[PDB]
Each structure stands twice: as C-alpha cells, then as structure tokens.
Amino acid sequence: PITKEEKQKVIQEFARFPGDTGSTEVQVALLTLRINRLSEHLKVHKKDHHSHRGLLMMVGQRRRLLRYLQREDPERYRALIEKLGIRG
Amino acid sequence: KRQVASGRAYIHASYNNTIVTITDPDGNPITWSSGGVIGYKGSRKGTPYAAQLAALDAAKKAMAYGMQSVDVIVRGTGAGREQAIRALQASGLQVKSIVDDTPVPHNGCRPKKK
Amino acid sequence: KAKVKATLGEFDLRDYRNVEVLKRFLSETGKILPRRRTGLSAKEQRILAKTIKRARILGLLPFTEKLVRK
Amino acid sequence: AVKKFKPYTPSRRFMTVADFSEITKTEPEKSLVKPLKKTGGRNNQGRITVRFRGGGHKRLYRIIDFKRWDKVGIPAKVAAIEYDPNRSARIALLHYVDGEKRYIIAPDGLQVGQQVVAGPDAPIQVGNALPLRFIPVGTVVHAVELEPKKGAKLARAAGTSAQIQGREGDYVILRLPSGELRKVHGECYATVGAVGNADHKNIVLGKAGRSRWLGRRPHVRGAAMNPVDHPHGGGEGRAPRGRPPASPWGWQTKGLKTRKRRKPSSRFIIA
Amino acid sequence: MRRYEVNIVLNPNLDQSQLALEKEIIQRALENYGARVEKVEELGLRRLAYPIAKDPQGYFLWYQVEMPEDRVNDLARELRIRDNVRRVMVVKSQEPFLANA
RNA sequence: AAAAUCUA
RNA sequence: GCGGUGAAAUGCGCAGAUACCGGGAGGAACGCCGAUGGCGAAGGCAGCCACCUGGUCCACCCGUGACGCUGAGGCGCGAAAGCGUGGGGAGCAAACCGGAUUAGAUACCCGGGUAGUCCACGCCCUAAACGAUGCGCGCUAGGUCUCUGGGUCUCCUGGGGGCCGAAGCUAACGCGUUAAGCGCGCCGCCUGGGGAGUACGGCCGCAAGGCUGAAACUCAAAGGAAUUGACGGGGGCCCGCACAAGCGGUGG
Ligand SMILES: [Mg+2]
Ligand SMILES: [Mg+2]
Ligand SMILES: [Mg+2]
Ligand SMILES: [Mg+2]
Ligand SMILES: [Mg+2]
Ligand SMILES: [Mg+2]
Ligand SMILES: [Mg+2]
Ligand SMILES: [Mg+2]
Ligand SMILES: [Mg+2]
Ligand SMILES: [Mg+2]
Ligand SMILES: [Mg+2]
Ligand SMILES: [Mg+2]
Ligand SMILES: [Mg+2]
Ligand SMILES: [Mg+2]
Ligand SMILES: [Mg+2]
Ligand SMILES: [Mg+2]
Ligand SMILES: [Mg+2]
Ligand SMILES: [Mg+2]
Ligand SMILES: [Mg+2]
Ligand SMILES: [Mg+2]
Ligand SMILES: [Mg+2]
Ligand SMILES: [Mg+2]
Ligand SMILES: [Mg+2]
Ligand SMILES: [Mg+2]
Ligand SMILES: [Mg+2]
Ligand SMILES: [Mg+2]
Ligand SMILES: [Mg+2]
Ligand SMILES: [Mg+2]
Ligand SMILES: [Mg+2]
Ligand SMILES: [Mg+2]
Ligand SMILES: [Mg+2]
Ligand SMILES: [Mg+2]
Ligand SMILES: [Mg+2]
Ligand SMILES: [Mg+2]
Ligand SMILES: [Mg+2]
Ligand SMILES: [Mg+2]
Ligand SMILES: [Mg+2]
Ligand SMILES: [Mg+2]
Ligand SMILES: [Mg+2]
Ligand SMILES: [Mg+2]
Ligand SMILES: [Mg+2]
Ligand SMILES: [Mg+2]
Ligand SMILES: [Mg+2]
Ligand SMILES: [Mg+2]
Ligand SMILES: [Mg+2]
Ligand SMILES: [Mg+2]
Ligand SMILES: [Mg+2]
Ligand SMILES: [Mg+2]
Ligand SMILES: [Mg+2]
Ligand SMILES: [Mg+2]
Ligand SMILES: [Mg+2]
Ligand SMILES: [Mg+2]
Ligand SMILES: [Mg+2]
Ligand SMILES: [Mg+2]
Ligand SMILES: [Mg+2]
Ligand SMILES: [Mg+2]
Ligand SMILES: [Mg+2]
Ligand SMILES: [Mg+2]
Ligand SMILES: [Mg+2]
Ligand SMILES: [Mg+2]
Ligand SMILES: [Mg+2]
Ligand SMILES: [Mg+2]
Ligand SMILES: [Mg+2]
Ligand SMILES: [Mg+2]
Ligand SMILES: [Mg+2]
Ligand SMILES: [Mg+2]
Ligand SMILES: [Mg+2]
Ligand SMILES: [Mg+2]
Ligand SMILES: [Mg+2]
Ligand SMILES: [Mg+2]
Ligand SMILES: [Mg+2]
Ligand SMILES: [Mg+2]
Ligand SMILES: [Mg+2]
Ligand SMILES: [Mg+2]
Ligand SMILES: [Mg+2]
Ligand SMILES: [Mg+2]
Ligand SMILES: [Mg+2]
Ligand SMILES: [Mg+2]
Ligand SMILES: [Mg+2]
Ligand SMILES: [Mg+2]
Ligand SMILES: [Mg+2]
Ligand SMILES: [Mg+2]
C-alpha cells in the first residue's frame, strides 16, 4: 500500500499546526492520494470493480468535505483546490 | 504371463456388472473373469451370486498358473463388492492382504444426467 | 476415543514443515480430519488446514493414501 | 487494434487498416546492404504457372537475417521496428555492437532498445535465439530452422508460433502453426517468443482495388467458363457442378491428400 | 522490503557437484533481484509422500530473505527456468502462532 | 417401465 | 465379452474391446478442512503461492466541529441463457440421429451427439435479481448456540450470524433488539379479474428483445390465511377367504 513515511510527508504539509491529524484539508488531501493511487490501479485492472466502487465512495466523501469547506470559507478552499489541482 | 506363486487380484465392481482379474506382482494380467464368463446376461451380471461364481472361476483359473498368494485390491461399490472377497477367502488362494482403492475425483469432471 | 490436541504440548500450527506434528491429522486416508475429532478452534483449525495444503504441495504430506484392509 | 473509417463512401465502411503504432518512425528503410530489387509475374519461360498474379505495387526486397547464428555471443541493440511489404510480420533493425546492422522478423512484445543475442549461452527470453535442445521444454518459439544450418523456415508469419512438447534423442518435438507435431533436430537454431503483428488477420480489404494493390488479380470461377477451358465449365444457366468438384487440370479439390506417400520426411511427422 | 521464506526442492539423484552447481545459480538469481539473504538452512534429502518427477525422494533447501515486494514474483520465475529445479514456493513470512498453550 | 379419460 | 436398464435393445469387442500396468497429451473443475461457517451493496464469491486493491470491525479518548440522512433524473455494477470478432475444447450437453416404453411418445430411461459450457475484448441488462420485507437513526423482557475483537477471563464490553419467545402488532399465518413493535425523515410503488406487460408512440439494442405503457371489451368474481371432510400411484401402526398356502366349482 502507501508508506507511513509518505503519509507523514503529506500530513505535515497540509496541517494548520503540528498534531492536526484530522482537519478538513488534511482529510481531503489524505483521501486524494488514495483516489489517485486507486485511479491508477484501475488503469490496469479494468476488470476490478469493487475497488472502483470504493473509489466512487472516496471521491464522494472528498466532495462532501469540499462542500463543507467551500461553504464555510471560500478562501481557504480557494487555496486548497489550487494546491490539490481539482475542479475542471 | 508366465507362472508365479505370488501375485495380485483386482476387482472392478460396478452396478450393472462386477468383473475381476488376476495379475503378476508387476501389473500385467494372467487371466480374468466376469458375470458374463458365467453365462449370465443383464442384471444377472451384477448379481452378488454371479460375483461369487466369477471370483471362484477366476481363482480356479489362477490356480492353473500355480498362483498361491495374492494381494487383493477393490474398486467400485457394486452389488458384489464383498462377495469377491468372500469367494476369494475359501478360494484356495492366500488372501494375504486386502486394499481399497476406489478412484474418486476432487470435483472436476461434470457428471452425466444423474 | 481420543482428542488429537491432548497428544502434543505447545507447538507452531503455522509451521508447514514439522511433519511429525502435522501427520497426526490425516488418518489412514489422507483426509483432513474434521474439527470435531481434532478438537481445535475455528481460527486454529483454518490456518492449520491452510498450512497443511502447503505441506501437501511440497511433497511432504500425502494428498490421498489408499485405505488398508476393510 | 485496427483503424476504421467513417462511411463517407461505400467500399470504405468496411475497409480497415492496421494501426502502425508499433512502427518506430522510419519511412526510409535501412538503405545499407538491406534493400534490393525484386520482380516476377510468371516463370522463366514466359508462360504463366500461377494463375492471377500481377498489377501490384513496386517493392524493395528487405534482406532478412533468417540464419541468425553466424554471430554467436555477439549482442545487439533493437534499433528500430520497420514495415515490410514482403511479409505479414513487421521487421526489426538491430545494431550489432560489432558494427554490423541487420534485420530480424519482429517478435511480439519486443521493446525498441532491447538487449538481444544469439547463442547456446543466451538467456531464455523473448528476442534471443538458440538451439532447440537448449530451450526449456514447453516454450513459445518462432522462426525455427528445419535441418541444421539451413536458415529458418518454420513460423515466420504474423501471430504465428510453435510450442515445444518434449525431447527425444538428438531430436525435439514441435507443435507447428498447422497444429502438426514433428521431430526437428536439436542443433537447429530458433528464436524464443512469438511473431508480432498479431492483429494482422482482422484487416478488411474493403473493396476490389485493395486486392490489386497486393498484386492479387481478379479470380474467375471455374463454373463461369466453358467446357474447353475448365471442368466445371457447364455454364448453362448457373448450372450446378458436373460431378465432382475438381481443378482446371482434373484433380479433385475437396479432400484429396496430395502429400507423396513414401516421402522420407514422413518418418518425422505425427498428425 | 518484506520478510520472505523460500522453499525449493531439487533433484534427489545427482552428484554433489551438480548440487552446488545449481545452488550457485540460486544465489545468483537471489542477488540479481535484490534478495538479501538471512537465516538459510539446507534441509537435505528427504522421502516424499507422492512421487515427484517419478521420484519418491527429493532434496530440500530453505532460504529466508528480504526484498522489495514486486520482483519477488519475477525472481520465482527465474528459479522456474532451470530444468533440474523441481518445486518452488515462496511464502510471505508470519509470526509463529501458538497451539495448545 | 404400467393406472389415458368421466356431457350439462 | 463389455456396456446399459424396471427388464432390454441400439452401441462397442477375435480388425483382440472390457478389466490391469507403464509412457504421454490436453481441458474443465477444486475432494478432505467444510459448518446451522465467513465475505460483499446486489449479482455472487472456495485448491495453494506472490503482487495490486476495496469495504469492514476493536482499542487509545488524539484530531476536525453538524461537515448528517434520503436521494426523481444522470451515472456505474449486474447470475444464467443468448449475440459479435478471434481463440479453446477432456467432461457435460439443448438441437438432431438411433434404441426402448407406449394406442401414440416430437417425452420421462438408454446409446450417439452440435452450439454452448472455458479465456481475451465488446454487447445484451432480464430472474422465484427472494428475507417476495426500500434506507437511516432512536426507544421497547430475557434464555441459548455460534463467528470475531478487547480486557487478568465459570465473568465484563464492542461488532456480525441462527432458534425459542415478554409486551405489543397481525386477517390469520406468523413477526418480535437481525420487527411485520412504538416514532420521525425521504425515495419507489399499488387502487377488482381477464383483456395485458399486449397494442400504438417514443428511447435503447447487431438480433433476440428490453424500458416506459393503455383502452374498447367481458366477468360477479379474482385473491389471502385458516377450519372441517373426502381424496393421494403420501407416510406410520392395524384388520377382513383380499393376496398367499389349499379343496372343489362356473365361464366350454
Ligand atoms: Mg453534502
Ligand atoms: Mg475542462
Ligand atoms: Mg449390467
Ligand atoms: Mg443391475
Ligand atoms: Mg445388481
Ligand atoms: Mg479404471
Ligand atoms: Mg473408470
Ligand atoms: Mg455416463
Ligand atoms: Mg548501391
Ligand atoms: Mg542498392
Ligand atoms: Mg528467359
Ligand atoms: Mg525472365
Ligand atoms: Mg526466351
Ligand atoms: Mg507495376
Ligand atoms: Mg542507435
Ligand atoms: Mg511452460
Ligand atoms: Mg502476392
Ligand atoms: Mg490469391
Ligand atoms: Mg487456356
Ligand atoms: Mg482457349
Ligand atoms: Mg457441368
Ligand atoms: Mg459462359
Ligand atoms: Mg469423371
Ligand atoms: Mg490432410
Ligand atoms: Mg496430385
Ligand atoms: Mg506430387
Ligand atoms: Mg503483526
Ligand atoms: Mg378429451
Ligand atoms: Mg376435457
Ligand atoms: Mg364431471
Ligand atoms: Mg365428451
Ligand atoms: Mg442399427
Ligand atoms: Mg485391451
Ligand atoms: Mg495410464
Ligand atoms: Mg508404479
Ligand atoms: Mg494449462
Ligand atoms: Mg443489501
Ligand atoms: Mg448501508
Ligand atoms: Mg485490506
Ligand atoms: Mg445514498
Ligand atoms: Mg451466457
Ligand atoms: Mg444463434
Ligand atoms: Mg428418439
Ligand atoms: Mg399409454
Ligand atoms: Mg415406436
Ligand atoms: Mg398396434
Ligand atoms: Mg405418431
Ligand atoms: Mg424434427
Ligand atoms: Mg436495470
Ligand atoms: Mg419483484
Ligand atoms: Mg404475486
Ligand atoms: Mg443474549
Ligand atoms: Mg478474548
Ligand atoms: Mg480496554
Ligand atoms: Mg453479557
Ligand atoms: Mg459499554
Ligand atoms: Mg473500553
Ligand atoms: Mg463476546
Ligand atoms: Mg426468528
Ligand atoms: Mg422462522
Ligand atoms: Mg419466532
Ligand atoms: Mg408476561
Ligand atoms: Mg398496547
Ligand atoms: Mg436476543
Ligand atoms: Mg382491472
Ligand atoms: Mg378469463
Ligand atoms: Mg388492469
Ligand atoms: Mg415487455
Ligand atoms: Mg411489436
Ligand atoms: Mg400518437
Ligand atoms: Mg420524440
Ligand atoms: Mg422470445
Ligand atoms: Mg420474452
Ligand atoms: Mg391510464
Ligand atoms: Mg391515457
Ligand atoms: Mg390454501
Ligand atoms: Mg388362493
Ligand atoms: Mg387337491
Ligand atoms: Mg361341482
Ligand atoms: Mg371345471
Ligand atoms: Mg352358467
Ligand atoms: Mg353356459
């Protein structure tokens, strides 16, 4: 799977302060990594579909998080979407 | 082929007929028998009494080659499964040992209509 | 008659080469003996059998041996 | 797979053509000692010996190394994958580090810039080539020889392949593209893998002219002719066969083994 | 990097020279695909249950290496290439579970 | 292996 | 002689079959573990190995701070059978041929046997797609069996799988902390039987055919559970010159 070190390299970057292991953007990026890796996984395992369901659910979850973030404050959203490169 | 004291005896015991055969210790048969060699025809070939007569005839043929001892091996669950053994008891041949070796699949070949 | 577990003390059930331990589980037929006769737990019985199959592949354990006199 | 065409014209709604993706970019063939002139529509006496050949389109014959063993141990770089108007298969320009460039029939799944070699020492792996008695039994193979030191002649067409079933003395057993089983000498060289352009078969010529481009002339039915010119030449109102269907020269077409019986090579075949 | 136990059975009827000969090839493949060896053990000749390659006996090896998770497939394939090599079985190592505590 | 049917 | 069946025949076998041994080819499927068992949203999923990957649960009491639920259309999955292109083909087996049974037998039984069953990619998208029970949360007795996780463990505490059953509900049957109980939120859907999932329109599909979906008309019923009885080539116990064993009769 993904490496713990690789996880920390993300958590440290997206945290608003050290120890923020659960923030909105934190979870969004955290999920986005798995969305990307899983997406690439499907790019060679077209037959697999349950994993693909998991992908759909992950994308959905991320989109809900983006819902709350965009609704609360559009500026932090403005930064996060730009740093994760989504919506297009 | 030739004449030997020790040997083996196979029992092919199906439902519609039970047949048997004697063989050298290696695997190559000496002589054989069935319900048909007793003249019986049809379900009469699967009859346990017919298996008795078949085993007795097979033993009678084996004794001509000088056979005395034989390791026995059985297959199938026909209505004459045990009678082969029973006839081979007082056949005049040394029973020596009895072994089951019914071929059975680990689920692979799809069965017939039944 | 006899429960299989009581025969031996503590041992590795994941180990797939201790043939002297694993052999006492297949009877005079090679049949993977039922849990009600070996007297094991589910978690134990499962990985036991799973390592058993492994041991079968290596040529260590027999797949099916011919039954004796009957 | 194959490229297709929108029906902006009839006889084109079906016409398909292979995607030349595997070709590395090269219109110019290796203009070194590889191209060569080519011709012929009928035998040396001006008579025809094969019906319906002609027209066609000009072709430079690509000289191929079918006898790849004269450079034992010498490796080479898969320089290119080229087209060849003389065979179903694609070809491959390899640069031997010796300096000599040559051609080889392009095997399936052959990356450009691959390591490739020819010798009994060779790693059993796609592209390489070696004596049959060295290839592990049960392996794909193509461009196999026949008699040792006489060049490859078995399985040279697109998608073609043969499998090794077992060894026996100084001979080995092959399952040919015709499904035929056969003994072939152990010393015969052969290249490991399967021939590329597997998607060849799926092409549709689409229209008439496409045949002509390949040189294939129009083929007239025997039953369309006259009794002089052909057996079936009854012709009288789309008449049925005059019994039984047979060639313009006499021999019956459907079911008639033409292989000579007491051929010595018969002692090496099976089915 | 993952802990792996590797079991390899080989031809029971051949000289010691061919034995070490093939062992060498195993070592080669191992180092070639990044298999850093550890507690290796040579179980030696043993009597098999069913006849493998029409032979009731079989020689045994038992490596225990660590390597990147991927090529551990391909490595096995390399071991398959040699004809004299009979059985091959790589197993992902696990904690020795306890029975009859 | 055999027992097909029974006007309103 | 085999094979086969209720008994047989067709079939195969002195051109040497069946049964037995050794050598080899190829395909499909996973015995024992194995279970009232486990997983998944459904369809479904079983030899073992490795890689890749989803969902799920326990502990710590760490982080975010109502970010939740449902969800028309849209989008993806979707057994078997069937369709396309190219493979594969042992076993099984529609269709078809033969044998028997029969008044007939285009069947049940038997001997042969092709698509198909298998892999690659693509289409079809229905089902007794069944718990015939939409989803989410909460409150409402206990007993027992089992899968799994934690904790010093004949006990305590989470998460699934079955039976009996408090209250209560139900037309009865039966459900009942895995509600059909008491409540809320939201989607889907029903309005007598036949006509009919038919017709026309529209959309989809290579075709087969699928999604929406009527009316004229006709009937005075259709239907649900339960009671009673008769009835069964249903079961269990049991009886009578009913059979059997036996003596003489008519039918001539
Ligand atoms: Mg939302
Ligand atoms: Mg755009
Ligand atoms: Mg019979
Ligand atoms: Mg019978
Ligand atoms: Mg009988
Ligand atoms: Mg047999
Ligand atoms: Mg058989
Ligand atoms: Mg059959
Ligand atoms: Mg020149
Ligand atoms: Mg020139
Ligand atoms: Mg001339
Ligand atoms: Mg000339
Ligand atoms: Mg001239
Ligand atoms: Mg010209
Ligand atoms: Mg270059
Ligand atoms: Mg192979
Ligand atoms: Mg031509
Ligand atoms: Mg032509
Ligand atoms: Mg002429
Ligand atoms: Mg003329
Ligand atoms: Mg004519
Ligand atoms: Mg004419
Ligand atoms: Mg004639
Ligand atoms: Mg022929
Ligand atoms: Mg001729
Ligand atoms: Mg000739
Ligand atoms: Mg651990
Ligand atoms: Mg009638
Ligand atoms: Mg009637
Ligand atoms: Mg009536
Ligand atoms: Mg009437
Ligand atoms: Mg006939
Ligand atoms: Mg024979
Ligand atoms: Mg054999
Ligand atoms: Mg033997
Ligand atoms: Mg295979
Ligand atoms: Mg569900
Ligand atoms: Mg749910
Ligand atoms: Mg997981
Ligand atoms: Mg939802
Ligand atoms: Mg189907
Ligand atoms: Mg059709
Ligand atoms: Mg018939
Ligand atoms: Mg009748
Ligand atoms: Mg008839
Ligand atoms: Mg009549
Ligand atoms: Mg008739
Ligand atoms: Mg017909
Ligand atoms: Mg649907
Ligand atoms: Mg329904
Ligand atoms: Mg209904
Ligand atoms: Mg309880
Ligand atoms: Mg515990
Ligand atoms: Mg605790
Ligand atoms: Mg409790
Ligand atoms: Mg608690
Ligand atoms: Mg706790
Ligand atoms: Mg518990
Ligand atoms: Mg219940
Ligand atoms: Mg119930
Ligand atoms: Mg109940
Ligand atoms: Mg009460
Ligand atoms: Mg009340
Ligand atoms: Mg309860
Ligand atoms: Mg109505
Ligand atoms: Mg009606
Ligand atoms: Mg209606
Ligand atoms: Mg319809
Ligand atoms: Mg219509
Ligand atoms: Mg209209
Ligand atoms: Mg319209
Ligand atoms: Mg139809
Ligand atoms: Mg229909
Ligand atoms: Mg209406
Ligand atoms: Mg209307
Ligand atoms: Mg009723
Ligand atoms: Mg009487
Ligand atoms: Mg009397
Ligand atoms: Mg009288
Ligand atoms: Mg009288
Ligand atoms: Mg009278
Ligand atoms: Mg009278």
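For the structure itself, consult the block above.
Regarding the interface of chain E and chain C
Next, step 1: In this assembly, 22 residues from chain E lie in contact with 22 residues from chain C.
Next, step 2: Summed over both partners, the interface of chain E with chain C buries about 2,000 Å², with 60% contributed by carbon and sulfur atoms.
Next, step 3: Linking chain E with chain C are 0 salt bridges, by the criterion used here.
Next, step 4: Our enumeration of links across chain E and chain C arrives at 12 residue pairs in polar contact.
Next, step 5: Looking at which element gives the most residues to the side of chain E that touches chain C, the answer is strand β3 (residues 41-52) of chain E, with 6 residues.
Next, step 6: Partitioning the side of chain E that touches chain C into residue classes produces 15 nonpolar, 3 polar and 4 charged.

So, unusual backbone geometry
Residues and elements named next belong to chain D.
Next, step 1: Looking along the chain, the bond that leaves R243 and enters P244 is cis, with omega of -20°.
Next, step 2: Mapping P244 onto the fold places it in the loop between α1 (209-213) and β13 (269-270).
Next, step 3: Positive phi is not limited to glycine here, since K149 has a value of about 60°.
Next, step 4: One can find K149 in the loop between β8 (140-142) and β9 (162-168).
Next, step 5: Overall, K149 belongs to the partly exposed group, its relative accessible area being 44%.
Next, step 6: In this structure, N197 is a non-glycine residue whose phi angle is positive, near 55°.
Next, step 7: Here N197 lies in the loop between β12 (189-192) and α1.

Let's talk about a nonpolar patch on the surface
Next, step 1: Together, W249(D), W251(D) and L256(D) line one region of the surface with nonpolar side chains, adding up to about 400 Å² of accessible area.
Next, step 2: Its relative accessible area of 59% is what places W249(D) among the exposed residues.

Here we look at the protein's contact with RNA strand G
Next, step 1: As a structural note, the neighbourhood of RNA strand G is formed by 82 residues, with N16(B), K45(B), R75(B), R110(B) and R56(C) the closest of them.
Next, step 2: The protein-proximal atoms of RNA strand G, defined as those within 4 Å of the protein, are 78% sugar or phosphate.
Next, step 3: Taking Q27(A), its side chain carries an N or O atom lying 3.0 Å from a base nitrogen of RNA strand G.
Next, step 4: Take the surface near RNA strand G: its biggest share by element is 10 residues, from helix α3 (residues 42-57) of chain C.

Basis of the calculations
Residues numbered from 1 in each chain as written, not as in the entry; some residues may be left out. Chains lettered and ligands numbered in written order. Part of a larger assembly, values for the part shown. Heavy atoms only, no water. Contact = heavy atoms within 4.5 Å. Buried area = accessible area lost by both parts, 1.4 Å probe. Salt bridge = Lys/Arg side-chain N within 4 Å of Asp/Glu carboxyl O. Polar contact = N/O pair within 3.5 Å; in protein donor to acceptor, adjacent residues only side chain to side chain. Helix = DSSP H or I, 4+ residues; strand = E, 2+ residues; numbered from the N terminus. Nonpolar A, V, L, I, M, F, W, Y, C, P; charged D, E, K, R; others polar. Buried < 20%, exposed > 50% of the residue type's maximum accessible area, 1.4 Å probe, protein only. Patch = residues over 30% accessible without salt bridge, like charges linked within 9 Å, V, L, I, M, F, W, Y side chains within 5 Å. Areas by Shrake-Rupley, 256 points an atom, 1.4 Å probe, with all protein chains shown as cover. Near = heavy atom within 4 Å.

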